[PDB]
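Just so you know, the protein sequences line up as chains A and B, in that order.
Counting from 1285, one number per residue, gives the positions in the first sequence under this note's numbering.
Counting from 3, one number per residue, gives the positions in the second sequence under this note's numbering.
The beta-carbon is built from N, C-alpha and C at its ideal position, and this holds for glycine as well.
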Amino acid sequence: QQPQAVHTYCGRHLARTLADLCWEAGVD
Amino acid sequence: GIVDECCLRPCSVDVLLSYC
């Protein structure tokens, strides 16, 4: 119950997302 | 704001991966 298809989020949950991706881009 | 990009329309990883 937690994929990432069309269940897009909206506000905030978007701030934690690029913080989760930029994360996989350089957890450093 | 990427919200009007993911909420309003797709943004599947191959699109968010571009915001970073």
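- Secondary structure of A:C1294 (DSSP, three-state): coil.
- Here the alpha carbons of B:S14 and A:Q1286 stand approximately 14 Å from one another.
- Not a single CB atom of chain B sits nearer than 8 Å to the CB of A:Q1286.
- With distances taken between CA atoms, B:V5 lies nearest to A:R1296 out of A:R1296, A:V1290, A:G1310, A:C1306.
- Annotation: A:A1289 to A:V1311 spans about 24 Å, alpha carbon to alpha carbon.
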